[PDB]
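Notes follow once the structure below has been shown.
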10 protein chains.
Amino acid sequence: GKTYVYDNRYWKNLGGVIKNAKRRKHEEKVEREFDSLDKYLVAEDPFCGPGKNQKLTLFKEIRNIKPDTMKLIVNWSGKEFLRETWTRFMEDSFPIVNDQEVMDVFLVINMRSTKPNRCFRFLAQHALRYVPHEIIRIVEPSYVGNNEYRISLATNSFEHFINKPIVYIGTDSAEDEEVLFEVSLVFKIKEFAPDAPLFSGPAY
Amino acid sequence: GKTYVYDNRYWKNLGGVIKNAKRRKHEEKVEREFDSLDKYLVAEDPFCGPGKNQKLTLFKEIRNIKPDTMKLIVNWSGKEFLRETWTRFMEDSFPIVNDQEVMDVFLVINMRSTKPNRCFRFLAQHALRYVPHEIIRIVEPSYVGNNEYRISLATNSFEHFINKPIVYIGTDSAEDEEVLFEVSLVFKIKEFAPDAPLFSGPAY
Amino acid sequence: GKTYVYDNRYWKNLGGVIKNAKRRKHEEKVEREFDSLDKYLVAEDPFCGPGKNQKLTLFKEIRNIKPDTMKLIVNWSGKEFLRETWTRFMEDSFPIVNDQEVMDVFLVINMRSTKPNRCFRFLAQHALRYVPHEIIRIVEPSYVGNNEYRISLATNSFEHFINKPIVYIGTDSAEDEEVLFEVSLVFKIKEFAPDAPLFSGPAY
Amino acid sequence: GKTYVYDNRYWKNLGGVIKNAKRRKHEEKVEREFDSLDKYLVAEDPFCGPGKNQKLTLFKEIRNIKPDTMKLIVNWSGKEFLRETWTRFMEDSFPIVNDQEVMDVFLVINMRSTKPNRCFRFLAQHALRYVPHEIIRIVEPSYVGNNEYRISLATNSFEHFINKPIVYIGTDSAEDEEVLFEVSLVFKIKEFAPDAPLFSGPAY
Amino acid sequence: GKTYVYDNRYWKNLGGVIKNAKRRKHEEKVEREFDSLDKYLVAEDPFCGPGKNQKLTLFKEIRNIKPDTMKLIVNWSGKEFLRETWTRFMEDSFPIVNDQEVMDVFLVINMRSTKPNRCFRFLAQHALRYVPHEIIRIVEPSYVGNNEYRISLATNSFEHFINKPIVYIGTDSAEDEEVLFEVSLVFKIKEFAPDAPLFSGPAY
Amino acid sequence: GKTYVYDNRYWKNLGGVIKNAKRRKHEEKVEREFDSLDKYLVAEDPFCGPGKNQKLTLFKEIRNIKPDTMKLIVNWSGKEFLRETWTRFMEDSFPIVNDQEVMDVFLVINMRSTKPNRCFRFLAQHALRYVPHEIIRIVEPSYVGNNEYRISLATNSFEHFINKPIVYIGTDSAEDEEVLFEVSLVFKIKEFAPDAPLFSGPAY
Amino acid sequence: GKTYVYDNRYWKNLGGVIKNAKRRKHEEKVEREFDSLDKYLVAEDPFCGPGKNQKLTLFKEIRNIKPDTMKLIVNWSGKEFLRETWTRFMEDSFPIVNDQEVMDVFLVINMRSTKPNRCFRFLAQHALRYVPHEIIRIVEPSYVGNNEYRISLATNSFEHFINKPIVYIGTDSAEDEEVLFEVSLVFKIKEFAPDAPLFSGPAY
Amino acid sequence: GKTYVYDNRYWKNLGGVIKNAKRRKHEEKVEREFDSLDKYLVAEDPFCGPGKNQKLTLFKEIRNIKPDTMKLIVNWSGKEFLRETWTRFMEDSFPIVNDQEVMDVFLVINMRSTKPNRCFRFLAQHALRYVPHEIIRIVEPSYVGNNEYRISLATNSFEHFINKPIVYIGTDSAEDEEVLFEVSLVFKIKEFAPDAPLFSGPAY
Amino acid sequence: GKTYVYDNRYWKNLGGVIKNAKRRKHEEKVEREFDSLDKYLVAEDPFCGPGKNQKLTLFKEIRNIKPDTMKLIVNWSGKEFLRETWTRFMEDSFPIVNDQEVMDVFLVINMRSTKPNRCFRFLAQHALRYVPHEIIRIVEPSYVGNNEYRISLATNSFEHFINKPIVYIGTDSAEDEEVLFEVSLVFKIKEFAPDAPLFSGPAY
Amino acid sequence: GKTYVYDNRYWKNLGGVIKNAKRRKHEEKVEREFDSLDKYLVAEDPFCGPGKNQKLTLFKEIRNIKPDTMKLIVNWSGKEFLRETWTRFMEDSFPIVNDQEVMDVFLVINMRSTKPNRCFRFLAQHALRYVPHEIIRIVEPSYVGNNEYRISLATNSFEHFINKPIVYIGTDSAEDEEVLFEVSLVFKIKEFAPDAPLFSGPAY
């Protein structure tokens with residue numbers, strides 16, 4: 001909306017005028033509700049939150065899950081979990097260019113039905129520890145939101161790094177369900193890249 | 001609302017979070033209405049609008065007004081209107097310090113009942129011209145908004161300036177009403193004061 | 001609602017009581033919106049506004065208008081416009097009884113389709129000036145609100161008065177439209193009739 | 001909102017214009033509801049109603065009230081009730097200056113817990129009559145609105161005046177409650193004071 | 001909603017948090033309406049109000065009522081009304097155990113159609129007085145709310161008690177209606193039962 | 001929605017039927033509000049209104065504006081304003097093909113910050129007149145709607161045409177602001193182009 | 001709302017301007033609902049639908065109907081139904097002027113209580129066929145909407161035409177009801193009247 | 001929304017949490033309304049309903065229709081209607097590959113004005129029968145929804161098939177209207193195509 | 001809602017049809033709000049969340065709490081806290097059948113007034129550590145939601161297990177309050193029970 | 001609202017009566033939504049939460065921040081961070097009177113523009129660890145809520161205490177911004193002050 005002048009008389013667009021007056025009528029009762037809600041905090045979703053996301057997809061797996069049960073998705077020994085974590089991270093990352101901090105590593109389980117027209121929810125339980133059972137019964141599980149369960153797990157060579165998370169998935173289905181799993185390690189990276197360019201040798 | 005950090009996890013106040021989400025739900029349908037209203041303009045009230053207000057109060061007057069009639073409020077000759085305008089303006093204004101433009105001069109009629117507990121509206125009619133009638137009948141008058149009728153009227157000595165507005169007021173009352181009038185000239189002044197200070201002599 | 005008295009106890013009608021309490025709940029947020037809207041002004045429609053209306057109907061005319069064009073409605077010379085204005089005004093007005101002021105003269109064009117079941121809008125353009133074109137093309141016209149275009153045009157004998165407005169009308173139609181026009185001069189009269197009676201001769 | 005005049009064109013404030021139009025849209029369906037409610041009456045609260053209030057505070061009293069019971073608050077004989085009424089009224093009132101009518105006398109019981117953080121309601125029962133019981137059981141009592149029970153009770157010397165209300169209070173509490181009582185006589189006075197001044201002797 | 005503690009961080013249930021914030025947004029405009037309504041009073045329904053209800057059913061009666069008329073329901077002489085009142089009250093009440101006050105006696109008329117699928121309202125009129133007419137015409141009657149008309153009527157032997165209310169009922173029906181009546185005396189009793197037990201003789 | 005016929009029975013689409021019935025429920029209370037609003041008028045925005053727009057961009061300019069001050073944007077003498085107006089208009093327009101009327105000429109000032117992330121409003125004042133001050137103090141300015149101030153300013157050779165508007169701009173900022181200005185003359189042209197084609201010579 | 005012109009400035013009525021802007025805000029979400037409802041059809045009421053209505057009233061009848069039963073309303077043999085249909089139709093219709101088609105014939109039963117102040121609904125059942133029972137019990141009847149049951153029944157002399165519908169009505173009443181019946185044949189006529197006048201002999 | 005795990009604590013997205021809680025507040029009162037509406041049925045639009053649509057466009061036609069009249073659109077004899085139906089169907093359909101059922105044949109009349117800017121509705125009447133009148137008067141017609149009237153009409157060679165619908169269209173216009181018609185036969189086909197492929201000869 | 005077929009015409013229940021159309025009108029603006037809220041997370045209540053609840057009730061205790069103070073609820077030494085935790089857990093749990101993980105142990109304080117009709121809130125403070133004070137003053141306490149404060153505390157014999165939490169509770173009351181406490185250890189158990197049955201010896 | 005008694009009839013204020021009835025109409029659907037929201041928890045803001053706040057302001061600092069970059073705010077070595085923490089805490093705190101627990105220490109960064117009329121948001125990133133870069137590029141930062149970033153950092157002499165947090169701040173601005181920083185350590189103190197007075201020596 002603009003300002004017009006016609007012989008020392010000032011003129012404004014009608015829309016802008018009605019908008020400004022309605023903005024005074026609309027603008028503190030909601031602010032009182034928000035001010036009381038401000039005494040409390042919510043955590044930011046890590047994948048939408050600060051730091052880079054780095055999804056290292058480890059494998060795919062298929063399991064046929066019986067009703068009221070859960071099947072073991074991953075059974076690595078501590079050394080194998082560390083070998084896979086180090087190897088996949090370093091192979092993907094190299095060269096590690098800047099000073100960086102690994103904020104967290106999430107063991108992410110993506111799950112989907114191998115068959116269409118199926119209506120059920122996913123149930124999960126993990127343990128951060130020993131040979132676990134392949135099949136367990138469902139007891140007060142975690143109800144998976146959508147198709148993803150995200151577990152926070154909190155060098156030169158793998159040997160120098162050396163010098164285990166387990167997950168069960170079931171469904172609330174009354175029939176056997178064939179489920180396709182995709183297991184990944186999602187690293188949260190805080191990169192400290194200087195405001196300095198890359199020069200071809202020699203510099204200057 | 002602030003940002004908290006607890007072991008690489010980010011936290012925001014609940015109120016601010018709900019406010020931002022509701023701000024997305026609330027924010028274009030009203031903008032469509034305003035965009036069509038923007039094809040038209042409204043004039044700014046001059047007394048609330050640009051330029052200074054300078055109210056030169058001329059006189060007070062009392063008239064007893066009969067139903068269906070209007071009484072003449074001011075009967076100056078052209079020369080007397082000019083004498084009063086020049087004299088009151090210059091006496092009040094002097095010294096006229098800066099380059100200025102008289103944007104307009106309003107002949108303002110403020111009116112009120114001399115008696116309380118009276119419920120009626122004011123009716124007005126003016127002419128920019130001859131000896132007018134003292135009392136006229138009411139014919140398609142202007143209905144005064146509140147108690148004020150504001151008429152836009154569009155040197156060294158008064159003689160150098162030389163080298164008339166009339167107003168009628170009535171009421172919609174069914175009984176005689178005694179009305180107190182206050183007549184003023186409200187000048188709209190556009191002042192062009194330089195960004196320069198006032199120094200005592202000699203300057204610098 | 002009335003007031004009853006039963007043995008020093010006072011009684012009021014239930015409706016009036018609920019109305020007064022709801023009047024306190026209903027009565028300032030809207031006033032804030034109106035107070036901001038009060039910084040701006042709107043003009044009063046002249047025909048609904050102060051002063052008398054005097055519609056001097058001049059003529060009727062029929063034109064067949066082609067799509068994307070406008071036809072000239074009136075082609076009087078300056079002298080003919082003045083002859084018609086003076087003659088129609090004085091013939092209708094005489095005797096002019098009181099002191100009066102011609103506030104304005106509107107050249108009013110009333111237009112209608114000569115055929116029913118037609119759905120289109122009227123388009124107009126005027127000039128206050130030379131022989132104009134009979135037919136022009138439509139270029140950024142004025143969209144007529146309803147069926148009327150109202151143009152503000154801002155003595156003893158016609159000779160003593162001596163001692164031109166042109167109008168084009170088109171439609172937004174995709175077919176030829178036959179339009180009936182009624183052209184009038186609407187005078188806005190500010191009458192100053194004294195509060196004095198008419199007496200048969202001799203007075204008193 | 002005012003009325004401006006610019007070259008025979010009339011102008012009004014936008015807010016006032018929108019307010020008047022919305023006042024036509026808002027203003028009879030509610031009036032139909034109120035008109036039916038007007039077939040019935042409500043009594044005016046006497047303390048908020050006509051006539052003066054004159055609160056003669058008689059005494060304070062503390063009682064420990066057991067659950068499901070009520071304790072007697074006042075046990076005056078008829079003569080003592082009359083002695084206290086006459087004495088307190090005349091001592092406070094003298095000189096009785098004008099012609100006046102005692103519209104009513106209310107025996108008012110104000111009650112409060114002597115302890116904070118107590119949540120219960122007060123229960124009451126009176127009799128207008130004999131030695132009453134000190135403690136009664138609660139049977140269909142009056143539930144006291146807030147902390148006050150107000151009972152309408154409908155000369156030269158006390159002897160010339162000669163020539164009883166009882167009250168029980170309990171609570172809906174499940175524990176013993178210690179209650180502080182304040183008992184008063186609230187007179188409703190209709191004063192007939194002439195429109196005549198007070199002069200020092202001699203008058204005129 | 002509870003309070004959780006996790007490593008010096010405090011946690012509250014989300015529902016309780018949203019409820020408390022909305023309680024601040026919801027909580028004084030309605031209180032302004034209620035505060036004005038508080039200048040007036042309403043009477044408590046006596047049967048729902050303080051004191052015991054004691055319904056002494058006297059008789060049943062059937063009358064065939066013609067349109068625009070009312071039939072006399074009860075025609076006792078003053079002595080018979082008193083005999084029936086005393087006898088029914090004392091027979092039902094004995095033994096009268098405690099000090100009690102008869103707050104009021106209501107003559108209650110319960111009425112119903114002896115036939116189903118009838119749609120009409122009941123009309124009533126009483127007199128507190130002589131042999132009344134059996135059949136009267138309807139003139140500005142009381143419109144009975146539902147099926148009940150409740151009239152407030154404001155010892156050792158009946159002889160010692162010695163040492164009349166009449167009622168008409170009609171309908172707004174355009175046909176004859178057969179109506180079954182049930183007439184009762186509803187006593188409102190204020191019982192003053194001491195907080196003292198009943199002991200078998202001898203006490204203590 | 002269509003019309004079906006099945007054995008002399010007529011059928012219509014359910015949506016159209018519900019739409020027509022809801023159109024009767026929705027369609028006069030709002031019309032009462034609009035009818036009262038129709039006693040007043042609004043001006044059409046000239047750039048969105050009738051007649052062609054012809055923006056002759058004159059120059060760009062940069063000024064660093066101090067808080068509480070305004071800088072002079074244009075300082076042409078009367079002859080230079082006329083030279084620039086005539087030259088830019090004729091150079092752009094030639095050949096002027098049809099009979100046309102210059103409805104108005106707007107001196108348009110477009111303004112923007114040369115720096116991003118600045119939050120302030122523009123303030124303006126003009127004069128239609130002498131050497132004005134370069135820098136003035138802000139006194140009751142016009143608050144610019146958005147980034148544009150539009151001033152209505154109300155032949156063979158420039159010599160034959162012969163035979164000034166000034167503008168100040170400031171900001172409501174508390175710091176110095178560097179502002180880029182674009183100054184243009186926006187002509188409003190009423191073109192009277194005949195419904196006649198352009199033919200190559202010779203015609204017919 | 002009209003269009004005013006004041007010195008090349010265009011003006012429109014405020015009401016029309018606000019109405020057009022609100023028409024943009026109000027006008028597709030409801031259209032989505034109607035578009036889905038348009039996948040389905042509703043039949044037009046035949047009496048409100050195409051073709052003429054011709055109500056041939058046959059007779060009146062009174063029946064006293066017992067609760068939970070229905071009484072036979074019409075007991076014509078096939079020949080009597082045809083005699084009455086042909087005779088009433090031809091007597092009323094003659095002369096049959098144009099080519100016409102009998103779209104349908106409805107056997108219409110209008111029913112009302114002979115007594116006022118009765119509240120019940122009508123129940124119906126028909127058969128298109130033998131001597132039916134006079135009185136049947138009610139078994140899953142048709143609940144009559146209001147007071148009408150409308151049954152679609154799908155020449156020179158009656159003999160040339162030659163060369164039966166039965167109806168039961170009951171009520172949901174718990175008492176005997178006396179019902180007045182009006183039985184009619186409502187013909188739906190599709191008239192094919194040419195666009196040709198009626199001339200007195202001889203034509204032309 | 002997903003599920004996060006941080007040191008045996010479970011976490012869900014705030015949006016999903018608020019959505020699930022609001023889904024409990026929103027979800028039976030509307031179901032009660034729908035349950036009562038479920039006692040009734042609506043027919044599916046046949047062109048949007050089951051079975052294939054096969055539009056065999058027969059011809060175009062133009063008629064000038066006088067006010068209050070209808071013109072005959074199609075005048076085929078029974079044999080010509082059958083010849084055109086058989087020929088157009090078989091020519092378009094051949095080869096008829098599968099077992100199929102002709103569910104219905106609709107005689108569809110599409111109508112439009114040959115001129116723009118016309119505002120009127122279409123009126124229709126058909127007969128399933130003789131030489132009809134070319135022009136009839138309008139008597140209780142069918143009001144066409146939009147521009148389409150759809151009439152349900154309920155072998156080796158045409159001779160083997162052997163071994164009539166008429167339609168009138170008018171308008172509600174007060175002037176003559178020139179209307180363009182498009183007449184088609186829309187077949188509703190229920191195709192029974194086996195789940196078997198098409199093989200080139202020889203199969204297998 | 002079902003599907004009916006009547007002579008190749010398809011029919012659906014009216015309720016289902018209106019429900020489906022309203023489902024299109026109701027179903028994305030709320031989803032935008034939820035999508036922004038999904039950038040944040042909320043923790044699941046542990047007692048309503050995954051894993052079993054095991055409430056080991058330790059003791060009951062009564063304390064009389066003075067205003068503005070808190071009393072120590074539990075004063076075990078580190079060894080006594082461990083003895084009680086181990087003993088109560090193992091006595092209740094044995095036999096521990098499956099592989100299980102103690103997700104957390106909550107020290108739960110349930111508190112209630114020993115007296116009814118008391119209105120106050122509970123205040124709490126704990127320390128995870130030394131002989132604490134029996135009575136402390138209230139300084140920025142935790143306001144207990146309802147009546148429960150839940151503190152997360154984060155083998156063969158007790159000796160093998162070997163080879164302290166303190167809590168204060170106060171009230172916001174202005175009087176001394178006698179409070180009954182119930183102290184428990186609520187274990188969160190993640191049970192890994194195989195999908196294997198229990199067999200009587202010998203198995204198979 | 002109170003309780004009045006007039007001749008055994010009970011009376012209550014109209015407002016209180018309407019309020020109680022509306023309280024029954026208003027009071028469980030919202031409780032269902034809150035009950036589902038109660039399955040989840042929110043953390044209390046620590047500065048608004050339990051325990052004392054103790055803001056030890058360390059220093060002020062000014063940085064000119066380039067777009068898309070962040071500047072290092074604090075570069076203390078581990079020993080300097082500990083020296084400053086210990087010294088500022090002990091100097092302010094002494095004498096430490098009661099048994100107290102340091103619940104947490106927040107490194108708080110308050111930031112503001114040194115210039116007014118700037119519109120941008122603050123971006124932050126920290127590390128809890130080595131010489132960091134002075135200037136880094138912005139990569140998935142934390143968006144600061146308002147002007148504060150609050151980092152939880154989770155004796156006799158400083159030597160006895162002995163026997164590092166880094167922060168970067170940038171803006172989302174497209175220009176260089178000069179930012180004033182205020183860095184503080186906010187301690188959360190849980191004070192255990194006994195309910196015991198301070199006596200002058202000797203006590204008692």
Side-chain angles (χ1 to χ4, degrees), chain B residues 127-128 139-140, chain C residues 43 45-63 70-112 122 124-128 131-134 142 144 147-169 179-193, chain D residues 8-10, chain F residues 99 101 103 190 192, chain G residues 3-6 8-11:
Chain B
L128 306 174
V139 187
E140 300 291 352
Chain C
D45 175 283
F47 295 10
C48 298
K52 288 155 42 146
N53 298 322
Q54 182 181 11
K55 179 181 174 177
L56 309 171
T57 327
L58 309 171
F59 57 89
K60 297 257 196 233
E61 188 188 328
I62 295 136
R63 297 289 226 148
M70 289 180 153
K71 280 199 175 166
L72 182 67
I73 302 319
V74 71
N75 201 14
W76 35 35
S77 60
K79 203 157 136 79
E80 194 68 346
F81 158 67
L82 296 171
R83 189 197 54 79
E84 213 52 80
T85 302
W86 187 88
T87 311
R88 306 295 198 92
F89 181 75
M90 299 286 161
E91 182 283 328
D92 182 52
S93 298
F94 265 85
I96 298 160
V97 161
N98 298 304
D99 302 345
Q100 57 170 59
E101 163 194 355
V102 175
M103 308 165 64
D104 209 334
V105 190
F106 285 86
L107 177 68
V108 178
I109 318 292
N110 181 278
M111 56 214 104
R112 70 191 84 176
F122 292 102
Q125 201 50 271
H126 72 283
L128 306 174
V131 188
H133 306 113
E134 280 289 293
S142 161
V144 181
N147 297 65
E148 291 215 351
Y149 194 59
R150 302 171 172 181
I151 313 148
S152 162
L153 307 178
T155 62
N156 202 1
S157 64
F158 171 58
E159 191 176 287
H160 300 143
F161 176 70
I162 284 298
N163 293 2
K164 51 139 173 171
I166 60 141
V167 214
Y168 287 96
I169 303 284
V179 178
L180 161 78
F181 296 99
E182 178 195 85
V183 179
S184 308
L185 285 174
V186 174
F187 280 72
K188 282 298 316 191
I189 312 290
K190 196 184 287 172
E191 197 173 4
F192 296 90
Chain D
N8 284 326
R9 290 185 70 185
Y10 301 79
Chain F
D99 302 345
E101 163 194 355
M103 308 165 64
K190 196 184 287 172
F192 296 90
Chain G
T3 305
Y4 286 93
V5 178
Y6 284 102
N8 284 326
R9 290 185 70 185
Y10 301 79
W11 304 78

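Letters go in sequence order (proteins before strands), and every chain restarts at 1. Basis for what follows: all heavy atoms, side chains included, without hydrogens, waters or symmetry-related copies.
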| request: Could you go through the side-chain contact (heavy atoms from CB on, under 4.5 Å) check for C/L153 and C/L185 one step at a time? | output: CA-CA 9 Å; C/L153 307 178; C/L185 285 174; 3.9 Å; yes
| Side-chain contact, heavy-atom cut-off 4.5 Å: G/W11 with G/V5? | no
| message | Between C/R112 and C/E182 (side chain of the first, backbone of the second, donor and acceptor by atom type, cut-off under 3.5 Å), is there such a pair? | response | no
| request: Verify the distance criterion only: is there a donor paired with an acceptor across the side chains of C/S93 and C/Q100 at less than 3.5 Å? | output: no
| note | Taking every heavy atom of C/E61 against every heavy atom of C/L72, the minimum-distance pair comes out as OE2-O, 3.9 Å
| When rounded to the nearest 0.5 angstrom, what is the spacing between CG in C/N147 and CD1 in C/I109? | 13.0 Å
| said: For C/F158 and C/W86, take the angle between the two ring planes, folded into 0 to 90°, and tell me which bin it lands in: parallel under 30, tilted 30 to 60, perpendicular over 60. | reply: tilted
| Between the main-chain N or O of C/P165 and the side-chain N or O of C/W76, is there a donor-acceptor pair closer than 3.5 Å? | yes
| query | Going from CG on C/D99 to CZ on C/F192, what distance comes out if it is rounded to the nearest 0.5 angstrom? | reply | 8.5 Å
| said: One pair to check against side-chain contact (heavy atoms from CB on, under 4.5 Å): C/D104 and D/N8. What are the steps and the verdict? | reply: CA-CA 8 Å; C/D104 209 334; D/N8 284 326; over 6 Å; no
| field | Donor-acceptor contact below 3.5 Å, side chain C/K188 vs main chain C/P50 | value | yes
| said: Ignoring hydrogens, what is the shortest heavy-atom contact between C/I189 and C/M103? Give both atom names and the distance. | reply: C-SD, 4.2 Å
| field | Plane angle bin for C/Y149 and C/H126 - parallel if under 30°, tilted between 30 and 60°, otherwise perpendicular | value | tilted
| If every non-hydrogen atom of C/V74 is compared with every non-hydrogen atom of C/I166, which pair is closest and at what distance? | O-CG2, 3.7 Å
| message | What's the separation between atom CZ in C/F122 and atom CG in C/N110, rounded to the nearest 0.5 Å? | response | 8.5 Å
| task | Give, for atom CD of C/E101 and atom CG of B/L128, the distance between the pair rounded to the nearest 0.5 Å. | result | 7.0 Å
| said: Quick check: G/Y4 with C/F47 (ring centres under 6.0 Å apart)? | reply: yes
| said: Show me the pairs that pass salt bridge (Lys or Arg N to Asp or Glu O under 4.0 Å) and involve residues 85-97 of chain C, at least two apart or across chains. | reply: C/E84-C/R88
| task | Show your reasoning for whether side-chain contact (heavy atoms from CB on, under 4.5 Å) applies to C/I162 and C/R83. | result | CA-CA 9 Å; C/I162 284 298; C/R83 189 197 54 79; over 6 Å; no
| query | At what distance, to the nearest 0.5 angstrom, does SG of C/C48 lie from CG of C/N53? | reply | 8.0 Å
| note | Here the gap from C/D45 atom CG to C/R150 atom CZ, rounded to the nearest 0.5 Å, amounts to 6.0 Å
| query | Looking only at heavy atoms, which two atoms of C/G78 and C/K164 are closest? And how far apart? | reply | CA-CB, 3.9 Å
| Would you find a donor on one side and an acceptor on the other, under 3.5 Å apart, between the side chain of F/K190 and the backbone of C/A127? | no
| query | Looking at C/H133 and C/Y168, what are the two nearest heavy atoms and their distance? | reply | O-OH, 2.5 Å
| task | Taking the side chain as every heavy atom from C-beta outward, state whether C/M111 and C/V144 have any atom pair closer than 4.5 Å. | result | yes
| task | Taking all non-hydrogen atoms of both residues into account, name the closest pair between C/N156 and C/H160 and its distance. | result | CB-ND1, 3.4 Å
